[PDB]
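Here is the structure we will look at.
By convention in this document, chain letters (A, B, ...) are assigned in the order of the sequence lines, proteins followed by strands, and residues within each chain are numbered from 1.
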Amino acid sequence: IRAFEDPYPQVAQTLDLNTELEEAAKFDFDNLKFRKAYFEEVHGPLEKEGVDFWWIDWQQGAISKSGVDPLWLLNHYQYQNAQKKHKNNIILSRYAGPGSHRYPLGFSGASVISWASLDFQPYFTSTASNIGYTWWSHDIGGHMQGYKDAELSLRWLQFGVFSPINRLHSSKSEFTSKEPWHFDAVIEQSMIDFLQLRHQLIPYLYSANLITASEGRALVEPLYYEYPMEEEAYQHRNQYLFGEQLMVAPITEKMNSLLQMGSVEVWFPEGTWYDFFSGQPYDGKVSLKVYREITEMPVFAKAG
Amino acid sequence: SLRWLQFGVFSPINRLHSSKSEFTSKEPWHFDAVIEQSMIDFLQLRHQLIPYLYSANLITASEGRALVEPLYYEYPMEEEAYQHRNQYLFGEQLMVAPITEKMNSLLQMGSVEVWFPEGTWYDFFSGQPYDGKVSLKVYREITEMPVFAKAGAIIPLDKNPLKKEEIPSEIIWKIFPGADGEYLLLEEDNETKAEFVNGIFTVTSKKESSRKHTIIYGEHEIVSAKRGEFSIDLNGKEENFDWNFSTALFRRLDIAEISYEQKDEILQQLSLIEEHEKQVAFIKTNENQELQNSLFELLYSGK
Amino acid sequence: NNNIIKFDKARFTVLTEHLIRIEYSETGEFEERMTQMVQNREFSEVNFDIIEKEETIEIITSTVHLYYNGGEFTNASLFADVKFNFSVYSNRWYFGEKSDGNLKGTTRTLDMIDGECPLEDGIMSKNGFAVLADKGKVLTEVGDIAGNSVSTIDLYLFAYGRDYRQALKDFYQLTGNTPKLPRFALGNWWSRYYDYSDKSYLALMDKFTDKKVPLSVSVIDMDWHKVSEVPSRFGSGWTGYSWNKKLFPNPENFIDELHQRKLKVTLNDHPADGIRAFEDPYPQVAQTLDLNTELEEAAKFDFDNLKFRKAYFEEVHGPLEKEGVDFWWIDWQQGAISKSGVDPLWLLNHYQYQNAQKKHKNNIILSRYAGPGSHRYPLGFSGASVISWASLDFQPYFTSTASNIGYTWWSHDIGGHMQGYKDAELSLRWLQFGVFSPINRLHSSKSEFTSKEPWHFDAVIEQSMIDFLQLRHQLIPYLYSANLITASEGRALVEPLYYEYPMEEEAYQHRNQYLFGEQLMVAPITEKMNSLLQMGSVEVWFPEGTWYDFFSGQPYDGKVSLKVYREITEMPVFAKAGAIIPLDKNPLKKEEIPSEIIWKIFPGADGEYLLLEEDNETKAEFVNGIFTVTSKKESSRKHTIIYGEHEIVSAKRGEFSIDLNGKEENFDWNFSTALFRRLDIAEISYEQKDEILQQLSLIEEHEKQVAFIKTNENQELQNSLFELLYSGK
Ligand SMILES: OC[C@H]1O[C@H](O[C@@H]2[C@@H](O)[C@@H](O[C@@H]3[C@@H](O)[C@@H](O[C@@H]4[C@@H](O)[C@@H](O)O[C@H](CO)[C@H]4O)O[C@H](CO)[C@H]3O)O[C@H](CO)[C@H]2O)[C@H](O)[C@@H](O)[C@@H]1O
């Protein structure tokens with residue numbers, strides 16, 4: 001809190017700063033008095049204007065006098081402070097090491113906009129369950145730099161809708177808005193359809209959320225949680241269970257222009273499986289390349 | 001399919017036809033929503049053009065003038081009139097340069113090298129201007145076709161192309177500002193002369209009728225559904241089309257499948273650099289050769 | 001001092017508003033002695049503010065907040081915020097951590113480097129701060145190593161923002177200014193790793209004269225001493241202090257012959273194997289150092305040892321200096337190990353530079369870079385570069401970046417040292433760069449195939465090399481004046497663009513472009529020519545203003561980035577409207593100072609040039625079209641004036657003024673002639689040449705000439721034609 005800020009006069013009084021030399025209240029989350037002034041005199045007035053929860057966007061390193069990562073101090077203390085004004089409140093912040101699942105939500109940050117970034121992200125998301133960090137929020141469509149491709153934006157939103165959190169976000173570019181109507185009529189209508197589907201899924205998500213909190217079961221599981229002895233459950237990095245009723249195989253590669261379809265190799269466990277959207281059937285157990293138009297996503301449900 | 005229909009609409013006859021395949025129907029709704037809407041738009045345009053076509057038809061029959069002329073009919077001594085095989089005059093008021101090559105996926109635009117004869121030319125659809133005489137590569141999205149009219153051009157259009165009626169009950173007179181012009185609409189049982197002289201637009205007909213005339217001067221509808229012969233002064237009215245460099249630049253950068261850092265730098269530098277020659281020097285450094293030519297077309301139109 | 005603050009076990013010295021010394025001492029004693037790096041901590045008093053509490057201290061200057069929370073220095077206890085917004089969150093220094101933004105400095109050597117190598121940090125940063133750690137030993141008052149500092153941590157925080165020139169000036173105040181070079185250092189040097197005789201070396205020097213190539217320096221490489229004649233029980237012949245008597249039967253007579261030709265003479269010294277029992281000076285050195293001669297005990301290299309240094313200067317170098325050797329080429333490649341912990345290369349450069357001043361005023365060495373402060377011991381010797389386009393393409397960037405740690409007299413082997421590949425065009429481009437570099441020393445490997453003699457190459461390459469070598473001597477007045485400005489004002493001859501244009505992003509995007517003194521901007525071509533154009537190219541950033549090609553007068557309107565094309569015989573060098581460049585009219589004439597100066601004036605603006613010389617200052621002024629020359633001291637010098645194209649005044653003595661308002665401002669350079677020449681040399685179809693010449697001649701409107709070239713199927717030909725159209729706009 002530097003001397004130009006609206007809350008500086010109050011913070012300066014509380015922390016006994018030299019205002020004629022414009023002494024800054026430097027960030028120091030090791031300091032009880034700094035934390036109190038931060039929550040009460042900096043965040044407090046903004047909460048009084050109606051701010052519901054804090055997006056903690058920390059990128060300035062792991063240095064403190066205590067040896068505790070400032071990101072851990074922010075997530076721990078801010079999550080606790082958020083509970084004062086709202087029940088079951090959240091933050092939005094980067095991962096701060098094992099145990100930091102106690103402070104949801106995860107914020108993965110400034111991904112490069114690319115097919116490569118999208119192709120990593122389902123694997124990234126399901127693997128995080130292996131250290132209990134089950135509420136990653138990715139920038140849907142990628143954050144910054146990289147390249148324009150409306151199909152990449154659409155595939156990324158398909159994944160986002162079947163991810164822990166569906167937060168559209170972008171860079172300071174004039175050219176990277178995630179608004180569906182940024183794109184052509186086909187892409188726009190598909191994005192609107194998927195965004196409506198996310199809200200259709202809120203009952204299923206909210207129920208799975210209470211199961212994470214009460215039973216320690218991740219919403220997103222790697223295949224090998226359910227199928228630990230099947231070698232194919234370790235060979236489909238981007239395939240996952242989404243709650244207990246759905247199995248997702250996102251397409252994360254640009255379509256083959258000769259087919260006008262993208263594809264992913266799906267492992268179908270033993271049993272009868274249906275495409276969630278079309279009812280197309282599949283007899284497990286089999287590994288099978290599946291093809292979808294850019295407007296369609298491979299999501300499967302078992303008989304029953 | 002879409003590029004072929006664009007050409008067909010500006011050809012002598014627009015007959016959709018196909019093979020015995022289950023897969024080759026020319027129905028617009030065979031294709032995705034973007035292609036379908038563009039095909040419907042072009043098919044409606046063909047019927048808007050029937051007055052112009054029918055008048056040119058009576059000129060073929062009575063005066064021995066082709067509807068479709070090679071450039072060298074009008075420009076026999078210009079070497080460039082022999083070097084643009086697919087470019088043609090379409091009646092006396094329109095010059096067509098169809099795009100007949102698959103789009104550059106980095107630009108999301110197709111292109112054709114256009115020869116602009118001496119004079120001021122406008123895109124028929126957008127009003128984008130071009131100073132002749134010049135040979136210039138022009139870029140269009142798959143939904144847009146390069147068709148041009150000179151300053152002073154007058155093109156009649158059917159206002160009600162869907163309406164079943166033997167002759168149009170309403171004509172739009174579409175006027176390109178910047179010069180005098182004239183158009184004679186020959187019909188089954190009438191002749192209607194539109195004159196544009198020293199900024200005065202006059203419509204007269206051999207025989208009276210209940211036809212309602214609409215006047216579009218550049219951008220703006222001036223007169224709506226006016227009956228009978230009349231004159232109106234357009235010297236006071238706005239000559240300029242809306243088309244502008246900045247809007248067109250933003251649109252070309254936004255659809256391009258290129259790096260966002262390149263989009264950001266081009267938009268910022270072309271906005272900041274004031275001197276036209278230095279805007280051209282900036283685009284000349286671009287690693288993307290075809291992107292240079294697309295940006296050059298916008299700068300040339302904005303000169 | 002009021003500019004000194006102690007807190008806990010730390011000491012802070014506010015040297016300038018932008019320069020703070022930071023010390024830690026476990027013993028409560030802080031270091032006042034000079035170090036290898038630091039020669040002076042006397043700075044004028046400055047204002048600053050302190051917030052001192054029980055447990056913390058903050059020092060506040062115009063540009064930095066320095067914080068210390070007490071205890072040992074850690075990234076958490078010692079840190080600083082700059083009062084700048086060059087970055088969004090790279091404005092904080094943490095003790096012992098790296099931040100983004102450093103514009104780099106230099107490195108020891110280009111030995112064995114093919115193209116790029118990593119550089120050390122300098123004191124310049126785009127984000128406005130840099131820390132320079134002083135890890136050196138302390139010196140005595142007379143400049144010998146005294147051992148470990150009592151300041152066990154000793155740092156300099158530079159917080160100059162993008163005032164790079166002031167940062168460098170204050171660096172020179174802290175570390176000592178560069179000494180003045182002698183005028184002879186700025187001429188052409190001849191060098192070759194080749195076993196010349198006295199006879200064949202003098203024949204080559206006389207061939208340079210016959211060929212109209214001026215030289216200032218004769219280098220004699222290691223085959224001057226015994227090599228194959230060294231018995232293998234002694235090790236190699238790499239180190240030597242004994243003339244090969246077959247090649248040099250009368251060394252003093254041979255050096256006398258070079259001195260009669262007005263050449264300065266240096267010998268290669270490989271010091272690392274010291275003075276072994278076969279050497280001519282060994283009996284004297286053995287007596288002085290009490291060596292066991294019956295066991296042939298070597299005087300091993302030990303520059304930590306005062307007695308060894310004295311025997312080295314007095315009994316090894318001394319006899320060779322008495323035969324006429326003018327200065328030493330210290331060629332050290334055998335590592336950084338000594339008992340003291342001081343790099344032997346630093347001990348050699350420091351002590352040899354000091355010793356060279358005994359026999360000649362403003363004398364030099366030639367040696368590799370020995371860390372910050374070693375600019376006190378010019379000249380820099382970059383060493384055994386690989387002969388490649390990649391090496392040449394690195395070297396302008398390397399040279400200008402070195403100014404960021406104050407090391408402004410790099411001498412590169414012109415044309416590359418060793419290995420690599422033959423390409424006469426690479427040799428010619430490398431010489432073009434060399435002529436516009438700090439030092440122009442031709443040198444090469446032990447190959448029969450790597451001589452840098454111009455007449456090694458075909459008639460076209462030979463004539464171009466001779467022309468550039470003559471140009472180097474024409475430039476000696478300009479170089480020597482810039483040399484005195486380095487010594488007195490702390491301004492580098494070669495500056496990165498960002499010294500002059502710190503807020504222009506394009507000044508950071510043209511790595512090989514530089515300012516060369518204050519009147520010239522150089523963009524060397526460092527890529528093989530496009531054979532379709534028969535021309536090489538470089539993207540040039542032209543700052544705001546009207547610029548002229550120094551050679552042709554081709555004009556360019558800044559500000560613009562523009563690809564420029566030159567034949568292999570031509571180099572992109574530019575001067576602004578109003579530029580005044582002095583040239584020696586008689587570069588082949590042996591004379592201590594020029595008897596005639598050409599004043600080359602670029603029209604279109606006012607200008608000024610101060611020619612500093614050994615015993616004079618001459619001011620050329622160009623104000624409202626009046627050109628005036630005055631000097632502190634009268635002389636018989638004859639002045640020639642070239643205003644743009646035309647010689648106005650020929651060989652005029654004394655001070656004078658002349659009005660040039662009536663005279664032709666315009667250069668001859670014209671679009672049509674240049675267009676015809678580029679089309680004529682191009683290896684393209686004749687039908688394309690015919691069409692371009694006809695269409696560009698016929699089409700009148702500039703915008704339509706540009707539209708015509710935009711349709712060309714040859715992308716690089718478009719850019720070449722665009723450069724001509726841009727200059728002709
Ligand atoms: O709250 C904003 C944003 O912050 C995080 O992500 C950042 C990301 O969006 C991006 O931002 C940069 C800015 O840092 C700023 O950078 C300039 C740079 O463009 C250039 O002009 O040079 C200067 C000087 O060196 C930089 O300082 O503005 C540009 C736009 O031109 C933005 O792209 O990059 C930084 C660094 O990687 C990110 O920290 C956060 O993760 C994100 O969610 C949030 O929206």
Side-chain angles (χ1 to χ4, degrees), chain A residues 1-9 11-12 15 17-28 34 42 59-61 63, chain C residues 2-5 7 10 12-22 43-53 56-69 75-95 97-103 121-132 155-171 173-174 404 498-499 501-505 508:
Chain A
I1 308 96
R2 290 165 294 175
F4 70 89
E5 296 272 16
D6 293 346
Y8 176 77
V11 171
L15 302 187
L17 302 179
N18 183 333
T19 60
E20 61 268 23
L21 290 179
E22 293 178 304
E23 184 186 4
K26 298 191 306 297
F27 181 83
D28 185 1
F34 180 81
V42 182
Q59 302 180 280
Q60 295 74 34
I63 297 164
Chain C
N2 302 277
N3 283 195
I4 299 181
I5 305 94
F7 188 86
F12 304 98
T13 314
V14 183
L15 294 171
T16 77
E17 289 191 9
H18 321 301
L19 180 61
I20 308 173
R21 182 190 190 195
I22 304 173
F43 281 74
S44 66
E45 220 200 337
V46 292
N47 261 53
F48 62 96
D49 285 303
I50 301 148
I51 305 176
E52 183 171 7
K53 311 187 185 177
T56 71
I57 189 169
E58 178 176 345
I59 298 174
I60 317 179
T61 74
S62 49
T63 62
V64 73
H65 298 261
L66 176 59
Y67 320 99
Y68 173 50
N69 294 335
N75 47 28
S77 79
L78 179 66
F79 65 102
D81 290 322
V82 289
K83 294 167 57 174
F84 304 126
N85 60 7
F86 295 120
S87 79
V88 290
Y89 57 80
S90 306
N91 308 311
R92 177 172 283 186
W93 174 66
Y94 307 85
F95 170 81
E97 306 291 328
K98 298 298 295 265
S99 199
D100 299 347
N102 197 279
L103 289 155
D121 285 347
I123 66 174
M124 311 306 173
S125 168
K126 288 196 71 179
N127 294 322
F129 63 95
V131 171
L132 183 66
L155 312 176
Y156 295 86
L157 168 60
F158 287 74
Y160 284 84
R162 295 188 180 177
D163 191 351
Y164 305 125
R165 293 204 180 102
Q166 191 64 51
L168 180 52
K169 280 199 59 157
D170 290 354
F171 170 87
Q173 189 168 335
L174 182 72
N404 293 344
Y498 50 78
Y499 282 26
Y501 309 101
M503 305 306 305
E504 293 288 337
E505 190 43 32
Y508 302 89

Would you check if C:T63 and C:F129 make a side-chain contact, meaning some heavy-atom pair closer than 4.5 Å? no
Distance-minimising heavy-atom pair for C:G122 and C:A130: O-CB, 4.0 Å
Please determine whether side-chain contact (heavy atoms from CB on, under 4.5 Å) holds for the pair C:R92 and C:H65, giving the CA-CA distance in whole Å, both sets of side-chain angles, and the decisive distance to 0.1 Å. CA-CA 9 Å; C:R92 177 172 283 186; C:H65 298 261; over 6 Å; no
Using a 6.0 Å cut-off, check whether atom NZ of C:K169 has over 12 heavy atoms from anything other than its own residue. no
Using the side-chain contact (heavy atoms from CB on, under 4.5 Å) rule, take A:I63 and C:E97 through it: C-alpha gap first, then chi angles, then the decisive distance, then the call. CA-CA 10 Å; A:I63 297 164; C:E97 306 291 328; 4.2 Å; yes
Begin with the C-alpha distance, continue with both residues' side-chain angles, and end with the deciding distance and a verdict on side-chain contact (heavy atoms from CB on, under 4.5 Å) for C:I50 and C:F48. CA-CA 7 Å; C:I50 301 148; C:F48 62 96; 3.4 Å; yes
Please report the interatomic distance CG(C:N2) to CD(C:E45), rounded to the nearest 0.5 Å. 5.0 Å
With sequence neighbours left out, the residues meeting side-chain contact (heavy atoms from CB on, under 4.5 Å) with A:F27 are A:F29, A:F34, A:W58, A:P70, A:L74
Check whether any side-chain heavy atom of C:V82 sits under 4.5 Å from a side-chain heavy atom of C:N127, and report yes or no. no
The ring-ring contact (aromatic ring centres under 6.0 Å, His included) partners of C:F86 (sequence neighbours excluded) come to C:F84
Got a second to check how far C:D81's CG is from C:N91's CG, nearest 0.5 Å? 7.5 Å
Apply side-chain contact (heavy atoms from CB on, under 4.5 Å) to C:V131 and list each qualifying residue two or more places apart in sequence or on a separate chain. C:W93, C:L155, C:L157
Closest heavy-atom contact between C:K126 and C:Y164? CA-OH, 3.7 Å
CD1-CD1 distance between C:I59 and C:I20, expressed to the nearest 0.5 angstrom: 5.5 Å
Provide the closest heavy-atom pair for C:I123 versus C:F158 in the form atom of the first, atom of the second, distance. CD1-CE2, 3.9 Å
With a 4.0 Å cut-off on N to O distance, would you call C:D121 and C:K98 a salt bridge? yes
Beyond-backbone contact of C:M124 with C:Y499, side-chain heavy atoms, under 4.5 angstrom: yes
Is there a side-chain contact between C:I51 and A:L21, using heavy atoms and a 4.5 Å cut-off? yes
Do C:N69 and C:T56 have side chains that approach each other closer than 4.5 Å (heavy atoms only, starting at C-beta)? yes
If I take atom CG from residue C:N75 and atom CZ from residue C:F95, how far apart are they, to the nearest 0.5 angstrom? 9.0 Å
Where do C:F7 and C:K53 come nearest, in terms of heavy atoms and distance? CE1-O, 3.7 Å
Between CG on residue A:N18 and CG on residue C:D49, distance to nearest 0.5 Å: 8.5 Å
Just so I know, are the side chains of C:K83 and C:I60 near enough to count as touching, which here means a heavy-atom distance under 4.5 Å? yes
Answer yes if the side chains of C:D100 and C:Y89 hold a donor-acceptor pair under 3.5 Å, and no otherwise. no
Under the rule for side-chain contact (heavy atoms from CB on, under 4.5 Å), what residues qualify as partners of C:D170, not counting sequence neighbours? C:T16, C:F43, C:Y160, C:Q166, C:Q173
Please tell me if the side chains of C:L66 and C:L78 come closer than 4.5 Å, counting only heavy atoms from C-beta onward. yes
Atom pair CZ (C:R21) and OG1 (C:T13), whose distance is rounded to the nearest 0.5 Å: 5.5 Å
Please list, chain by chain and in numerical order, all residues satisfying ring-ring contact (aromatic ring centres under 6.0 Å, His included) with C:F171, sequence neighbours excluded. C:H375
Residues that A:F4 engages under side-chain contact (heavy atoms from CB on, under 4.5 Å), provided they are two or more places apart: A:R2
Distance-minimising heavy-atom pair for C:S62 and C:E17: OG-OE1, 2.6 Å
Do the ring planes of C:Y508 and C:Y498 sit parallel (below 30°), tilted (30 to 60°) or perpendicular (above 60°)? parallel
For C:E504, does the CD atom have more than 12 heavy-atom neighbours from other residues, nucleotides or ligands under 6.0 Å away? yes
Residues C:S44 and C:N3: closest non-hydrogen pair is O-OD1, 4.3 Å
